[PDB]
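These notes are about the structure you will find just below.
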There are 4 protein chains.
Amino acid sequence: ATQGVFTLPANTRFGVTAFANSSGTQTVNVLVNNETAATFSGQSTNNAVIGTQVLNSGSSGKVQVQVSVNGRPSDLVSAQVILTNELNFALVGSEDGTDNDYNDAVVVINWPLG
Amino acid sequence: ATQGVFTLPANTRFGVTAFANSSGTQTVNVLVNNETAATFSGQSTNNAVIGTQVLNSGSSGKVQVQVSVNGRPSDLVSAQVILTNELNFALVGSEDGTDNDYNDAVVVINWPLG
Amino acid sequence: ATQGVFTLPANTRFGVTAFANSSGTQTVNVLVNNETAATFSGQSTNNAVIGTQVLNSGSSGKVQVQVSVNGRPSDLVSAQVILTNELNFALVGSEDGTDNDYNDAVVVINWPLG
Amino acid sequence: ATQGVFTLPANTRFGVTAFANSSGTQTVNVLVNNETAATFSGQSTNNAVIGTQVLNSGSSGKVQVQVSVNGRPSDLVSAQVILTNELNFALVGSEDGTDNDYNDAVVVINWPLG
Ligand SMILES: CO[C@@H]1OC[C@@H](O)[C@@H](O)[C@@H]1O
Ligand SMILES: CO[C@@H]1OC[C@@H](O)[C@@H](O)[C@@H]1O
Ligand SMILES: CO[C@@H]1OC[C@@H](O)[C@@H](O)[C@@H]1O
Ligand SMILES: CO[C@@H]1OC[C@@H](O)[C@@H](O)[C@@H]1O
Ligand SMILES: [Ca+2]
Ligand SMILES: [Ca+2]
Ligand SMILES: [Ca+2]
Ligand SMILES: [Ca+2]
Ligand SMILES: [Ca+2]
Ligand SMILES: [Ca+2]
Ligand SMILES: [Ca+2]
Ligand SMILES: [Ca+2]
């Protein structure tokens with residue numbers, strides 16, 4: 001199944017933050033309406049924040065996270081969880097290798113903000 | 001029900017990261033085995049990452065998040081999510097006021113690292 | 001925080017199923033737009049299905065689960081999780097006693113159907 | 001990533017319940033320690049509970065859900081969610097066709113019981 005794809009309400013500000021846990025240099029691209037709206041990169045085996053930004057979901061509400069290491073797309077896992085019918089988390093894990101820890105780049109999307 | 005309390009595997013590194021979305025200054029306390037192990041504070045209505053840290057879950061694995069605003073404890077909501085039976089997120093929202101957006105301080109705990 | 005309340009898409013069929021894990025008979029009420037849409041009653045300490053029904057979210061999309069034992073409201077815990085940006089679960093646990101297992105009545109709401 | 005595989009605590013009672021939402025007859029197999037422990041079959045486009053059962057995770061704690069339709073394995077999507085650090089749900093959706101609703105068989109595992 002498709003992973004790392006989320007539908008947000010239109011024209012909604014959302015946070016996106018990425019962490020790295022790998023010997024591979026992570027590139028995290030955040031697409032809004034199928035167009036790259038943010039790009040983060042970095043390398044850490046200690047969960048370093050490699051990027052954080054506030055974006056707007058725009059007219060489509062279409063948000064997609066992609067992760068690559070050396071030009072190769074990582075395998076993604078994702079889900080959305082909603083707390084008290086108000087607070088949204090869109091969560092993404094990724095695997096760049098053979099150990100199946102899925103933490104190589106970890107991406108957290110949250111909304112609403114403010 | 002108790003919120004913001006999580007049983008992690010014992011003696012395991014985890015990331016804890018806090019975001020602010022309130023006019024009130026947030027103070028986030030992270031307890032490991034009932035002792036403060038980290039404290040983050042800031043004020044933002046735009047999802048500022050007021051703190052991020054790697055901690056060890058210790059002998060019990062008990063991790064507790066508490067949030068206060070001008071010395072008043074915020075109301076918490078929480079859940080844990082596991083993807084592909086490997087990637088763990090413990091999630092906390094908090095409310096310091098009356099609008100019930102529960103984003104006033106948002107705390108994300110993630111493991112495993114490395 | 002409020003628990004057991006969910007905003008579904010309008011005019012959408014959803015499944016509701018309730019399980020019992022308590023020595024006391026559980027009364028589960030499902031409200032749609034603040035009015036009774038279904039009520040389940042049964043007793044099991046072995047996860048018996050005490051009710052299952054297809055309902056419609058109607059014009060409000062507001063669905064609320066309440067649980068009581070002997071007319072005394074149980075303490076609720078809930079969340080919504082969305083898989084592959086398509087499949088929705090609204091989950092409820094309840095506690096009627098002192099052991100905090102929160103399984104005394106467990107309610108699972110799923111959509112879309114068909 | 002592997003889906004539909006969950007590690008439960010050893011020797012834990014759990015419920016497993018399967019719902020159908022497809023023109024195709026669903027076959028759901030539940031394995032414990034790599035051996036079939038429950039099987040359900042049925043066709044519904046109205047979220048019928050095609051089966052529910054209580055099992056024990058045994059010494060391994062390894063529980064796997066498989067879904068097939070007329071001999072072909074469905075594509076699975078899964079996650080686990082824990083409420084109030086106590087109440088567990090392991091969630092499975094599956095897709096047997098082209099519309100990607102992932103509801104064709106839905107499987108919910110819950111613990112603790114009792
Ligand atoms: C060579 O493997 C990569 O770096 C070290 C670990 O973080 C692994 O999970 C990762 O896939
Ligand atoms: C005065 O209210 C506080 O600041 C503005 C908003 O962020 C509110 O959600 C928050 O509770
Ligand atoms: C009297 O206690 C009730 O019945 C037995 C157990 O299922 C308990 O969890 C429940 O609260
Ligand atoms: C022919 O398609 C199958 O039956 C009707 C719908 O339930 C579809 O989701 C399912 O994949
Ligand atoms: Ca890896
Ligand atoms: Ca890694
Ligand atoms: Ca607020
Ligand atoms: Ca706020
Ligand atoms: Ca109980
Ligand atoms: Ca119980
Ligand atoms: Ca389908
Ligand atoms: Ca279907």
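Letters A, B, ... go to the chains of the structure tokens in the order shown; residues in each chain start at 1; ligands are counted from 1 in the same order.
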
query: Neighbours of residue 23 (chain B) within 8 Å (only C-alpha atoms; same-chain residues fewer than 2 positions away dropped), as a count of residues only?
result: 5

- prompt: Mind listing as a PyMOL selection string which residues of chain D are within 8 Å of chain C, counting only C-alpha atoms?
  reply: chain D and resi 15+21-22+44-47+54+77-79+83-84+86-87+93+100-104+111-114

I need the residues from that last selection saved to file as a short mmCIF file (atom, residue, chain, number, x, y, z; two decimals), in the first residue's frame (with N, CA, C and O atoms), if you can.
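As written to disk, out-v9.cif reads:
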data_model
loop_
_atom_site.label_atom_id
_atom_site.label_comp_id
_atom_site.auth_asym_id
_atom_site.auth_seq_id
_atom_site.Cartn_x
_atom_site.Cartn_y
_atom_site.Cartn_z
N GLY D 15 -8.10 -11.17 21.90
CA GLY D 15 -9.23 -11.35 21.00
C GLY D 15 -8.77 -11.07 19.57
O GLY D 15 -7.91 -10.22 19.34
N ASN D 21 -15.78 -6.55 3.86
CA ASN D 21 -16.32 -5.45 3.06
C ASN D 21 -15.86 -5.59 1.60
O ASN D 21 -15.05 -4.79 1.12
N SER D 22 -16.37 -6.60 0.92
CA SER D 22 -15.95 -6.89 -0.46
C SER D 22 -16.95 -7.82 -1.14
O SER D 22 -17.63 -8.58 -0.47
N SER D 44 -19.17 -10.39 2.74
CA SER D 44 -20.06 -9.32 3.17
C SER D 44 -19.61 -8.02 2.55
O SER D 44 -18.40 -7.78 2.43
N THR D 45 -20.57 -7.17 2.22
CA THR D 45 -20.26 -5.78 1.86
C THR D 45 -20.86 -4.87 2.92
O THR D 45 -20.94 -3.65 2.74
N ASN D 46 -21.26 -5.46 4.05
CA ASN D 46 -21.86 -4.72 5.16
C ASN D 46 -21.15 -4.95 6.50
O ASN D 46 -21.77 -4.93 7.55
N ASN D 47 -19.85 -5.20 6.44
CA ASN D 47 -19.05 -5.28 7.66
C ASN D 47 -19.45 -6.43 8.58
O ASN D 47 -19.33 -6.32 9.81
N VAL D 54 -10.99 -16.02 20.78
CA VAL D 54 -10.00 -15.68 21.78
C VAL D 54 -8.88 -16.71 21.73
O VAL D 54 -9.13 -17.92 21.62
N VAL D 77 -2.16 -3.79 5.42
CA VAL D 77 -1.68 -2.59 6.10
C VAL D 77 -2.04 -2.73 7.58
O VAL D 77 -3.11 -3.23 7.92
N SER D 78 -1.12 -2.34 8.46
CA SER D 78 -1.27 -2.63 9.88
C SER D 78 -0.55 -1.63 10.76
O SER D 78 0.38 -0.94 10.33
N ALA D 79 -1.02 -1.55 12.01
CA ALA D 79 -0.34 -0.79 13.04
C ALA D 79 -0.83 -1.28 14.38
O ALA D 79 -1.88 -1.96 14.48
N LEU D 83 -3.52 2.61 24.31
CA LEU D 83 -4.19 3.69 25.03
C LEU D 83 -3.96 3.55 26.52
O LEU D 83 -3.97 2.43 27.04
N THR D 84 -3.79 4.68 27.19
CA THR D 84 -3.45 4.79 28.63
C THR D 84 -2.39 3.76 29.10
O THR D 84 -2.45 3.22 30.22
N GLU D 86 -1.91 0.79 28.49
CA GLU D 86 -2.48 -0.46 28.99
C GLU D 86 -3.29 -1.24 27.94
O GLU D 86 -3.19 -2.47 27.86
N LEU D 87 -4.11 -0.53 27.18
CA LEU D 87 -5.09 -1.17 26.30
C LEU D 87 -4.54 -1.21 24.89
O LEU D 87 -4.27 -0.17 24.31
N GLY D 93 -5.76 -3.83 7.92
CA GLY D 93 -6.64 -3.68 6.75
C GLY D 93 -6.06 -4.46 5.58
O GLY D 93 -4.90 -4.86 5.59
N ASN D 100 -8.46 0.31 -3.64
CA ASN D 100 -7.62 0.72 -2.49
C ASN D 100 -8.42 1.29 -1.32
O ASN D 100 -8.00 2.27 -0.68
N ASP D 101 -9.56 0.68 -1.03
CA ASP D 101 -10.25 1.08 0.22
C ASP D 101 -9.67 0.36 1.46
O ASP D 101 -9.89 0.80 2.60
N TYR D 102 -8.92 -0.72 1.23
CA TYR D 102 -8.24 -1.49 2.30
C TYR D 102 -9.15 -1.97 3.43
O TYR D 102 -8.70 -2.22 4.53
N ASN D 103 -10.44 -2.12 3.13
CA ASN D 103 -11.39 -2.57 4.13
C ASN D 103 -11.93 -3.98 3.81
O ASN D 103 -12.86 -4.45 4.45
N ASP D 104 -11.35 -4.65 2.82
CA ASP D 104 -12.01 -5.82 2.24
C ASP D 104 -12.10 -6.94 3.26
O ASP D 104 -13.11 -7.65 3.34
N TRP D 111 -6.08 -6.67 23.35
CA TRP D 111 -5.71 -7.21 24.65
C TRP D 111 -5.46 -6.04 25.60
O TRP D 111 -5.27 -4.93 25.14
N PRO D 112 -5.48 -6.28 26.93
CA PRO D 112 -5.71 -7.54 27.61
C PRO D 112 -7.19 -7.90 27.62
O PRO D 112 -8.05 -7.06 27.30
N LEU D 113 -7.46 -9.14 27.99
CA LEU D 113 -8.81 -9.64 28.14
C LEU D 113 -9.07 -9.81 29.63
O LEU D 113 -8.15 -9.67 30.44
N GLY D 114 -10.33 -10.08 29.99
CA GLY D 114 -10.67 -10.45 31.35
C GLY D 114 -11.18 -9.28 32.17
O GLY D 114 -10.87 -8.11 31.88
#

message: Quick one: residues within 7 Å of residue 39 (chain A), only C-alpha atoms, excluding same-chain residues fewer than 4 positions away - as an NGL selection string?
response: :A and (28-30)

Exercise: region 59-67 of chain B partners within 8 Å, only C-alpha atoms, chain neighbours under 5 positions left out, as a PDB file with N, CA and C atoms, in the first residue's frame:
ATOM      1  N   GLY B   4       0.071  10.537  29.317  1.00  0.00           N
ATOM      2  CA  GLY B   4       1.476  10.953  29.317  1.00  0.00           C
ATOM      3  C   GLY B   4       2.441  10.004  30.010  1.00  0.00           C
ATOM      4  N   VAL B   5       1.982   8.807  30.359  1.00  0.00           N
ATOM      5  CA  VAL B   5       2.838   7.788  30.964  1.00  0.00           C
ATOM      6  C   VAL B   5       3.057   6.637  29.995  1.00  0.00           C
ATOM      7  N   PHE B   6       4.320   6.260  29.785  1.00  0.00           N
ATOM      8  CA  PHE B   6       4.640   5.214  28.801  1.00  0.00           C
ATOM      9  C   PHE B   6       5.647   4.223  29.349  1.00  0.00           C
ATOM     10  N   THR B   7       5.394   2.937  29.118  1.00  0.00           N
ATOM     11  CA  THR B   7       6.393   1.927  29.465  1.00  0.00           C
ATOM     12  C   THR B   7       7.228   1.628  28.240  1.00  0.00           C
ATOM     13  N   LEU B   8       8.474   2.089  28.266  1.00  0.00           N
ATOM     14  CA  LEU B   8       9.429   1.764  27.215  1.00  0.00           C
ATOM     15  C   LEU B   8      10.175   0.501  27.596  1.00  0.00           C
ATOM     16  N   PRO B   9      10.855  -0.133  26.618  1.00  0.00           N
ATOM     17  CA  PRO B   9      11.741  -1.211  27.046  1.00  0.00           C
ATOM     18  C   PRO B   9      12.838  -0.629  27.933  1.00  0.00           C
ATOM     19  N   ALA B  10      13.276  -1.417  28.912  1.00  0.00           N
ATOM     20  CA  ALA B  10      14.248  -0.937  29.898  1.00  0.00           C
ATOM     21  C   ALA B  10      15.588  -0.629  29.255  1.00  0.00           C
ATOM     22  N   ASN B  11      16.296   0.337  29.841  1.00  0.00           N
ATOM     23  CA  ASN B  11      17.684   0.637  29.448  1.00  0.00           C
ATOM     24  C   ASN B  11      17.890   0.891  27.954  1.00  0.00           C
ATOM     25  N   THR B  12      16.970   1.645  27.361  1.00  0.00           N
ATOM     26  CA  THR B  12      16.942   1.848  25.916  1.00  0.00           C
ATOM     27  C   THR B  12      16.893   3.348  25.654  1.00  0.00           C
ATOM     28  N   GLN B  26       5.323  27.486  27.628  1.00  0.00           N
ATOM     29  CA  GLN B  26       5.214  26.072  28.003  1.00  0.00           C
ATOM     30  C   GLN B  26       6.422  25.638  28.805  1.00  0.00           C
ATOM     31  N   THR B  27       6.199  24.752  29.771  1.00  0.00           N
ATOM     32  CA  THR B  27       7.286  24.053  30.448  1.00  0.00           C
ATOM     33  C   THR B  27       6.974  22.572  30.386  1.00  0.00           C
ATOM     34  N   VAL B  28       7.855  21.812  29.757  1.00  0.00           N
ATOM     35  CA  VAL B  28       7.658  20.375  29.595  1.00  0.00           C
ATOM     36  C   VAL B  28       8.679  19.634  30.438  1.00  0.00           C
ATOM     37  N   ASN B  29       8.205  18.798  31.355  1.00  0.00           N
ATOM     38  CA  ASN B  29       9.100  17.954  32.137  1.00  0.00           C
ATOM     39  C   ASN B  29       9.023  16.503  31.709  1.00  0.00           C
ATOM     40  N   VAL B  30      10.182  15.893  31.526  1.00  0.00           N
ATOM     41  CA  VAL B  30      10.262  14.483  31.178  1.00  0.00           C
ATOM     42  C   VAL B  30      10.882  13.726  32.346  1.00  0.00           C
ATOM     43  N   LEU B  31      10.104  12.798  32.891  1.00  0.00           N
ATOM     44  CA  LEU B  31      10.510  12.013  34.045  1.00  0.00           C
ATOM     45  C   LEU B  31      10.932  10.632  33.583  1.00  0.00           C
ATOM     46  N   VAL B  32      12.061  10.182  34.101  1.00  0.00           N
ATOM     47  CA  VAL B  32      12.498   8.799  33.926  1.00  0.00           C
ATOM     48  C   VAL B  32      12.601   8.210  35.305  1.00  0.00           C
ATOM     49  N   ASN B  33      11.853   7.125  35.511  1.00  0.00           N
ATOM     50  CA  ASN B  33      11.723   6.488  36.819  1.00  0.00           C
ATOM     51  C   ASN B  33      11.419   7.525  37.896  1.00  0.00           C
ATOM     52  N   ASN B  34      10.416   8.352  37.610  1.00  0.00           N
ATOM     53  CA  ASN B  34       9.842   9.319  38.555  1.00  0.00           C
ATOM     54  C   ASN B  34      10.806  10.418  38.991  1.00  0.00           C
ATOM     55  N   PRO B  73      -0.734  22.889  35.842  1.00  0.00           N
ATOM     56  CA  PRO B  73      -0.581  21.705  34.979  1.00  0.00           C
ATOM     57  C   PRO B  73      -1.599  21.720  33.857  1.00  0.00           C
ATOM     58  N   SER B  74      -1.135  21.427  32.649  1.00  0.00           N
ATOM     59  CA  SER B  74      -2.011  21.349  31.492  1.00  0.00           C
ATOM     60  C   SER B  74      -2.699  19.993  31.473  1.00  0.00           C
ATOM     61  N   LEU B  76      -3.591  16.598  29.734  1.00  0.00           N
ATOM     62  CA  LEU B  76      -2.866  15.784  28.739  1.00  0.00           C
ATOM     63  C   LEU B  76      -3.738  14.758  28.022  1.00  0.00           C
ATOM     64  N   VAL B  92       2.064  12.928  22.897  1.00  0.00           N
ATOM     65  CA  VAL B  92       1.389  13.693  23.944  1.00  0.00           C
ATOM     66  C   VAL B  92       0.923  15.029  23.365  1.00  0.00           C
ATOM     67  N   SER B  94      -1.338  18.594  24.896  1.00  0.00           N
ATOM     68  CA  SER B  94      -1.680  19.243  26.175  1.00  0.00           C
ATOM     69  C   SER B  94      -2.510  20.499  25.940  1.00  0.00           C
ATOM     70  N   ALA B 105       1.399  22.436  24.112  1.00  0.00           N
ATOM     71  CA  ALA B 105       2.688  21.744  24.007  1.00  0.00           C
ATOM     72  C   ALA B 105       2.410  20.358  23.462  1.00  0.00           C
ATOM     73  N   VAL B 107       4.351  16.752  22.522  1.00  0.00           N
ATOM     74  CA  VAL B 107       5.592  16.042  22.820  1.00  0.00           C
ATOM     75  C   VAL B 107       5.607  14.716  22.059  1.00  0.00           C
TER      76      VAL B 107
END

message: Write out as an MDAnalysis selection string the set of residues from region 29-105 of chain B that DSSP, computed on the backbone, places in strand (DSSP E).
response: chainID B and resid 29:32 35:42 48:56 62:69 72:73 75:83 87:95 105

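We find CA of residue 109 (chain A) and CA of residue 18 (chain B) to be spaced 12.9 Å apart.
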